[PDB]
Amino acid sequence: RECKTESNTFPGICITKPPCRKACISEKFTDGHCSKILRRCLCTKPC
């Protein structure tokens, strides 16, 4: 079970994974991915 929380530190719209994952890991999540429509960096971690 993992929960999604928008990244607090990623700048701008999310198009490619690497900078979003990096931001999320910097924030102590375990991954980050881009959403399709609002194009947000969403971090995930177990919850």
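For the sequence shown, position 15 matches number 15 in PDB author numbering, and the numbering has no gaps at all.
Built from N, CA and C at the ideal position, the CB exists for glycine as well.
Check                                                                                                                             : Outcome
Could you check whether residue 7 and residue 24 sit closer than 8 Å to each other, using their CB atoms as the reference points? : yes
Count the other CB atoms within 10 Å of the CB of residue 38; is the residue buried (16 or more) or exposed (fewer)?              : exposed
Among the candidates 46, 22, 45, 30, whose CA atom is the shortest distance from the CA of residue 9?                             : 22
In terms of residues, what are the limits of the beta strand (DSSP E) holding residue 17?                                         : Segment 17-26 is the alpha helix (DSSP H) holding residue 17; no beta strand (DSSP E) there.
Considering only the alpha carbon of each residue, which of 11, 1, 44, 2 lies closest to residue 28?                              : 44
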